[PDB]
Amino acid sequence: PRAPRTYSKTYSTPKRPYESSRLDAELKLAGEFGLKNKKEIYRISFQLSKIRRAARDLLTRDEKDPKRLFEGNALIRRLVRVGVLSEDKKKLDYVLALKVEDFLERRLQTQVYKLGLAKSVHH
Amino acid sequence: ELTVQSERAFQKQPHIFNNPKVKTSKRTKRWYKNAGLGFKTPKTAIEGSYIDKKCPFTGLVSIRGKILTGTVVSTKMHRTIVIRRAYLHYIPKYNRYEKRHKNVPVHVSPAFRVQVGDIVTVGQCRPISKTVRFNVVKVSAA
Amino acid sequence: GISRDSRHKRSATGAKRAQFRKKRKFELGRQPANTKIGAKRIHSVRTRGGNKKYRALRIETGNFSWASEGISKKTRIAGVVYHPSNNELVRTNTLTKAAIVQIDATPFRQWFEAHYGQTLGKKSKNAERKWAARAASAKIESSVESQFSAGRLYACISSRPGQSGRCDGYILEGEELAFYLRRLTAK
Amino acid sequence: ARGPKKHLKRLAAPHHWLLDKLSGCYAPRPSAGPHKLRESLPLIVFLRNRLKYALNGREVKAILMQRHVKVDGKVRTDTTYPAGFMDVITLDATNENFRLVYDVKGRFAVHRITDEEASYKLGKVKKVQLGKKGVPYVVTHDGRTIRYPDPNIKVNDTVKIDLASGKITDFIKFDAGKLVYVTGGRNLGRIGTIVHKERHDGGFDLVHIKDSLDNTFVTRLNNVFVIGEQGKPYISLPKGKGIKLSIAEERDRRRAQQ
RNA sequence: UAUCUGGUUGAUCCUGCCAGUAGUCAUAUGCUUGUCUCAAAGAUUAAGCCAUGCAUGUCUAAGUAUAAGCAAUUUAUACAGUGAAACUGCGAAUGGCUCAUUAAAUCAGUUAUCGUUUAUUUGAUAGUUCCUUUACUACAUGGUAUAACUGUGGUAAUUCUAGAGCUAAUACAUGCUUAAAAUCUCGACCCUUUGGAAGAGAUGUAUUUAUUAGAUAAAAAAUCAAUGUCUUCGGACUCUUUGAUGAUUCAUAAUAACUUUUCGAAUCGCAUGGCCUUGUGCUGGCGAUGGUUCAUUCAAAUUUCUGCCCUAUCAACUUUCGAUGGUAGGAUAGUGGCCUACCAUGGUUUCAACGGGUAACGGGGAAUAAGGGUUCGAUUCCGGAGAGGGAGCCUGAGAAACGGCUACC
RNA sequence: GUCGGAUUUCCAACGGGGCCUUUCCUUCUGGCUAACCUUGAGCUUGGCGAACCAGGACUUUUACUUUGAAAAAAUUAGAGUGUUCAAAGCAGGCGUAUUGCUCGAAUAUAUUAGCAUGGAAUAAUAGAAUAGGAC
RNA sequence: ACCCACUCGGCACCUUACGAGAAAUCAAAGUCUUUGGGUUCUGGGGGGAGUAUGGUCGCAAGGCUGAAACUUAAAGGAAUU
RNA sequence: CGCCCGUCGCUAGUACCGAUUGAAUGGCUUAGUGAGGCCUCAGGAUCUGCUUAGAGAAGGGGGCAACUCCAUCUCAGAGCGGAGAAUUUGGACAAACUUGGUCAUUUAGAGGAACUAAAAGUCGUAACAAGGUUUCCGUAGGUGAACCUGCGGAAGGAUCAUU
RNA sequence: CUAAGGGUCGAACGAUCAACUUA
C-alpha cells in the first residue's frame, strides 16, 4: 500500500523506422560522437522535442506574462547553464532553433575528446 | 379548504392554547413565523383559519438551503403541486447545450393560490413526504 | 426485523428498486407496544447509543393537567372512547397518543372545592380570604362542569406511551371538547 | 464502515504536514482533540520532521513520556495530539517556547516567542449561548468553554485567553480596520485589514481583506481570525507577515540572497 | 513530433476496403539473456473448493492475589518488591482481501441536520440524595456471591463440561455523611380590618406532560376595578427586565405534576505536611479512575442541485397485497408510506420513463494523439458491496459482524 | 539626470475612473455627518447619510462572459535541487568545521453542477390599451 | 388581335466556365482545407440480404421495421487506347 | 476462339425451419408447507431473603416447692418476597422445500428449404454489340433451367434533329 | 362489532320511517 514510484520512457521511436535518409543521418551522428545504440540518439531527440514543445507553448502567450516570463527565463537559464545556448542567444526564439548536435556536443564524451585526453571518442 | 376541521382528529396549532376563561384580542391565538430571505408572509396566513402543520409560515417546517424556481404543471393533488425546472446541460463533445427538464414535487400552503402555468419559487426544507422536499414561499403572478 | 429504509419500495417513476444492501441495523424497527390499561408492566428496550427506552404495557394511571386552571393531578384511567386514526383501538381500549380517555377526575373536584371553596354540581379567615380573592374565576363552561357532576371528564393523551413509558395528557376544554363530544354523540 | 476509523494512509494526510511518500504507507492520524485532524499538527511530526529533535517514533514517545513538552499549559502525553492554530508548546528544557502559526506559503512554522508571550493565547469564539442554570458561555476555536463572559463579546470576535488561569482578559471586536489572520483555504496565512463585507444571508459570509501592499483578496468569514487592530498586532507576527510575493519576486529574493 | 505507402486496370483519375507502419501502467507465448537502480505479480475462465501453520489480544507508581510461583523484606504485622493464571475495564466493527451484486443505484463535485446518534478525547459542568426527613439507619463506612485455586470426575473426540470446599474487586446489589440566604405554597394566631402573621412542606439534576416568559420601529392627554412606590394621598414617578438566528414552538428561566426513578465518588497510587483546645483530635498536596449535562473533536446515518454504457426486434409504467398526496397513530437515535387505519386518485413518460443485456463497483486517473477526440480503468488513493447462497439475532457508542453466533439449502 | 541599470515638463499609444451635454444609474431611521455654505489672525464652530455600517423597502427572469472563494492527495505540466548522469526522490547548501548557521519542500491545469462578483454585446423574457397605468 | 420597350412569376433553352467536380458534366452539381445561412432523411468494401426470426398493416397477394453465422480482396464510377 | 447466367449431380462447411405437449442451465415469482432468532400472553422447575411457628429436652437467672424468662440437634404449617431455566399462546422478520407459471442462455432431432466454398460434371445460352426478341422498374401468371408473356413507367437506348 | 349503500316532512339544518345488502 506504499505510494508507487514514478517511471517514464526517455526515448521516442521514429514513426518512419525504415528510411535511408534518416538512417544514414543518425549513423553519421553516432559515429562522430561515439555512440553505440541509436536509442541514445532517440533519447536526446526526445529531450529536444519536450523543450521545444514547452518553449512553443510559451511563444503563444503575450509579452509581460507572469507564466511566460518565469518559465521562459528558467528554461533559458537552464539551457545557457548547461552550455547548449550561447549568452547572446537568450531570447526564447533560438530555443526552437536548437538541434541534436548542439546537445550532443555538451556530453562528457565529447568534452573529454575536446580537452585532449582520449585521442579518440571510442577511447 | 372549505372547512378547517374536515378530518377525524381536531386540527390545531401544536402547543397553542386558547384560554376559555378570557376574551383577549384576536380570539383564537394564531402563531406565525417569518420565513426570511425577504419572503413576506401572506396576509391569508395571518388572518386565515387553516392549520397546515407543514406550512412554511404557520407550521413547524424550517426552510434552509436551496431556493429553486419553476413553473407549475399540475394541481390535481391535495396541498401539494409538481413544478418543472428547465436547464441546459453542456456536452463537451459537440460544443453546445441541450434542453432538459426535471419534475420536482413541492408542498404548497392553503394561503397561496397556485394554478397551472404559474412561475413559483420553492425553498428547501426537511423531508415532508417520500418525494416532496420543497415548500412554496412566493407565487409570482398578476 | 421490520425495516425502515427506502430501498425496498418502488421509486417515484414506478421502477422496481434492485437489492443493494442487506437489512442494516441503523434502519431497524421494533414491534408496536399496544398499551393496555391496569396492572402496570413497563419493559425496557436498549436503543442506539444507550438511552434506554421504556416500552409501556398495561398502564393503569397517568398524569393529566387542567390547562385553564393550570394544575396537574394524578388520575386513574378507565378506557378510551374516541380515537381519530383507528376504531379497533377504541374497542380494545389501547392507550396511545391523541386518544380521548375518560379520566377519574376525582382529585380535580377535590382541588376545586379546596381552592376556590365551591362545589361542582353534586370557617377560617385564611382560607376564606383566598376563597374571596379567587372569586370571579370559579365559573367554567357548562360542558366541563356537567361532566364533573358525572365525576368523569374527557381527556386526550398527549404523551406517546410506547416511546416514553408514560401516558400524559390534558382534559378537553373549549372547541376541542365540543368537537369530540359531537362525534361521540353523533347518531 | 461499521464504526469509526483509526488509521491514516500516507497518501490522504493533509499536504501542509510536509510528509514524504516513501517512509511507510501510513500517516500519524491525530487523535480526537481541540482541533480537527485536517486543521492541526500531531506532536510526533512536529518534533520529528520540523524541530528534528527526535529521529524515530519511539524517540518522540520517550520524550513525551519524560514530561518535557507543555501544550497550552498542559503537559500532555499523546503522540498524536492534534495541536493546531493558536497552540503554544512550552519546553522546560532547552528554554524555548514554540507557537503554532501558519506561514505565508501554506504550512506551519517554528516561530519562537518569549516566555511572556506564551502566557497568553488568542482565541476566536464560535458560539455564544445561555447554558444551563442561566450561565452565559463562549466557544473558542480550540473548543475551550469559558463561563460568564463579557456581554459585549459576540460571534466572530477574538478573546485573549490567559491560558494559565483560563480566563478572558481582552476581547477584540470584529469591524472594519482590524488586522486578521486567514486560517484555511487557498489564501491561508495572509495577514491584512478589513475594508468591508457583503452579508449574503444564505451562508458563507465573505470579507474583503486588504494587504499592506494594497493587495486585496476574498476569504470566507469561517476562515478569518482577528489578531488585533490596524497597525498593532496583539500577537508577534511570523517572519514575512504574509506579504505573499509572487513567483517572480521570490526568485529575485533568492538571487539577492545566494 | 498537423507526414503515409502497396494491392481492382492494357494503361489513367476516383470512390472504397484490405494489408503494411508506430505506440500501449494490454496481456499471453516463443528465441536469447552479462550488470546497477526502481518494481507489477491467481483480476479476466471458477465470488470454484481447501489439507496444514499463522493472522488481536492487552497494564501502570496507580482495579482485584497468600501461585501451597520466584528473589530479597529487615523503610515497613495487613500486603505493601517482581509477578503466571483468573475476574474486571477496554479493544476485537480498525486493518487486510476480492469486484460477485448493483446503470439516478453506487459514486464525484456541491448543500442541509432549525430533522438525529456519537465510545474515545479536549474545555467546562452536581453545598439541595438521611423522605412524620428526632432514633426511622455504620458513615473514622455496610451486604452478597463468584472466577483462578484445592480435591472428586465424565466423553473416542471438541478452545467439550459437572458435583463438593473457599476467597477477592473500579464484580453485582444497597447506601448516608457541609453553610447561608430567596420565592412559591401553606397557614396556627392577633383578629384594628391599611391588614400583619408564629410554625410546617417543597424548590439540584435526569425522563414525560400542560401553561407562562423568552419581547422591545415614535411623542402627549380623560377617567375608572383598587391610591402601588413616598406623601403637602396637590401627585414628581422617572427608576424598571430576557440573548442569538436570514427565520423556530431556538438556547434558557419559572410555574402544576409525573419516575417503577438517572446522576450527585463506599475507587486507587505517591509524598506525607501544618493548627493547636498536646488528640489515631482538627486541617492539608501532586495525581489516576469513574460520573449527570453542555460544547468541541474523531465520526455515523439521512438529505438539496447536476452528471453514467448499449438498446424502441423494450411504448407506456406504477397501484392486486403501497403505488401519489393528505390526516392521525405506531416504530426509529431522528424527517419521511418506514409501517398501520381512513380519505382523495394520483406520480413517471419520445426532453428516451419502464423493460432487457452488460467480457458494468464508481471516481481520482491510464494508453493514444497538433487541436477535437477515442478506448480502458478488478488493480497501491477516496467512497461502496461481500466472507459459499439467503434470512435472524446477542454484546457493544458503533455489526445486522461471519478469523461472533442461530436456522435452512 | 547611475555607472550594459534608472529620472524629471515631454512630442505618442494603451487599457481604467470621474463629470457635463433634456440621460434617477432605490431611499428611511441613525450615528462618521461627508466631500463640513462651516474662517477664529490663517490648519476654522452649523452644507444634501452609505464614501463607514445596523436595519424596512421595490430587490421582473435568465442563457452568456470577466474575476474571486471552491475543486483531498497522488498523478499531469512545471520552479529549484549533483539520485555521480538518468528513471527518481524533496532533498540540501554554507561556516572561524571545536561553538553552528540557513534557502527550500514552488507554481499551474483540474469537466459539468453549486456560491459570489463587474459588465452589458449577443439570444429570448414580463411591464401601461372593453388603462384594474406611474409620480 | 398584333409591333416595340419595360416589369413580376413560370416550363425551359443558347453560348462561356469566374467557380465546382474523379470525369462525364453543372447558372448550380457555384459562393466547401480562405472549410459555419436554417432544417429533415439516408450510406460506411462486395456477397450472404432486403434473407431468417420477432413485431405491425392487409381478405389474400404483399407493405413497414429488420439481423446474424459464414465467405471474399476485390466489386463499383467516369473516361483513354 | 472474349466475358458470363441458372437448374440438376457429387464433396464439405455455415445458418434457418421442423413433429418431438423437446432437453439442460440460470434469474424472477403466485400459492402451499414452513425451520430458526426476536417481540409479547402464560408457564414454573430450581436457588434465596423475611415474618410468625409449636414440640422431643439440656443450660443459666428468679418464688427456690409447684412455677416463670430466652438461646438451642430437631420437624411440621402459614404467608410476605427476589432471582429464575425447560416449556408455551399470539404477532412481525423470514431461511428453505414442494407444486406450477414466467423470462433468459445453450443443445438433440427424421425431414424440408437456402447460402457459401468447390482446376478440367451434365443441359441450355439469359446478360455485356441493336448479344442477334433494346435493356432495365414494379405487378400478375406460366415454364427443367436461365427465362417468357400481359399492363404501366424509366433511358442507365440504338433517337439531344422535321417551322 | 365497525363502516358504507335512502325516503322524508320543513350556513345547509333539525326531526321521522322502514328496507334487503357489500366490505
# chains A, B, ... in the order shown; residues from 1 in each chain; ligands from 1
call {"tool": "select_by_dssp", "arguments": {"residues": "range 102-136 of chain C", "states": "alpha helix (DSSP H)", "output": "list in words"}}
result
residues 106, 107, 108, 109, 110, 111, 112, 113, 114, 115, 125, 126, 127, 128, 129, 130, 131, 132 and 133 of chain C
call {"tool": "closest_atom_pairs", "arguments": {"of": "chain F", "to": "chain B", "cutoff": "12 Å", "atoms": "only C-alpha atoms (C1' of nucleotides)", "output": "JSON lines"}}
result
{"residue": "F:56", "atom": "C1'", "partner": "B:38", "partner_atom": "CA", "distance": 10.3}
{"residue": "F:57", "atom": "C1'", "partner": "B:38", "partner_atom": "CA", "distance": 10.1}
{"residue": "F:58", "atom": "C1'", "partner": "B:38", "partner_atom": "CA", "distance": 11.4}
{"residue": "F:59", "atom": "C1'", "partner": "B:38", "partner_atom": "CA", "distance": 8.8}
{"residue": "F:60", "atom": "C1'", "partner": "B:140", "partner_atom": "CA", "distance": 9.3}
{"residue": "F:61", "atom": "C1'", "partner": "B:119", "partner_atom": "CA", "distance": 10.0}
{"residue": "F:62", "atom": "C1'", "partner": "B:87", "partner_atom": "CA", "distance": 10.3}
{"residue": "F:63", "atom": "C1'", "partner": "B:88", "partner_atom": "CA", "distance": 8.5}
{"residue": "F:111", "atom": "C1'", "partner": "B:92", "partner_atom": "CA", "distance": 7.7}
{"residue": "F:112", "atom": "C1'", "partner": "B:90", "partner_atom": "CA", "distance": 7.0}
{"residue": "F:113", "atom": "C1'", "partner": "B:89", "partner_atom": "CA", "distance": 9.3}
{"residue": "F:114", "atom": "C1'", "partner": "B:66", "partner_atom": "CA", "distance": 9.6}
{"residue": "F:115", "atom": "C1'", "partner": "B:66", "partner_atom": "CA", "distance": 11.2}
{"residue": "F:126", "atom": "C1'", "partner": "B:141", "partner_atom": "CA", "distance": 10.4}
{"residue": "F:127", "atom": "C1'", "partner": "B:142", "partner_atom": "CA", "distance": 11.2}
{"residue": "F:132", "atom": "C1'", "partner": "B:142", "partner_atom": "CA", "distance": 10.8}
call {"tool": "residues_around", "arguments": {"residues": "residue 217 in chain D", "least_positions_apart": "2", "cutoff": "8 Å", "atoms": "only C-alpha atoms (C1' of nucleotides)", "output": "PDB file with C-alpha atoms (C1' of nucleotides), in the first residue's frame"}}
result
ATOM      1  CA  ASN D 187      -5.474  32.174   0.811  1.00  0.00           C
ATOM      2  CA  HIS D 208     -12.594  41.727   1.686  1.00  0.00           C
ATOM      3  CA  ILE D 209      -9.236  41.666   3.450  1.00  0.00           C
ATOM      4  CA  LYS D 210      -6.615  44.050   2.053  1.00  0.00           C
ATOM      5  CA  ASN D 215      -3.324  43.656  -2.390  1.00  0.00           C
ATOM      6  CA  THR D 219     -11.889  34.850   2.127  1.00  0.00           C
TER       7      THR D 219
ATOM      8  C1'   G F  68     -12.804  35.695  -6.697  1.00  0.00           C
TER       9        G F  68
END
call {"tool": "interface_residues", "arguments": {"of": "chain D", "to": "chain E", "cutoff": "6 Å", "atoms": "only C-alpha atoms (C1' of nucleotides)", "output": "ChimeraX atom specification"}}
result
/D:2-6,32-34,130,143-145,201
call {"tool": "interface_residues", "arguments": {"of": "chain A", "to": "chain E", "cutoff": "9 Å", "atoms": "only C-alpha atoms (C1' of nucleotides)", "output": "JSON, numbers by chain"}}
result
{"A": [1, 2, 3, 4, 5, 6, 7, 13, 14, 15, 16, 17, 46, 49]}
call {"tool": "residues_around", "arguments": {"residues": "residue 65 in chain G", "least_positions_apart": "4", "cutoff": "10 Å", "atoms": "only C-alpha atoms (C1' of nucleotides)", "output": "list in words"}}
result
residues 313 of chain E; 55 and 56 of chain G
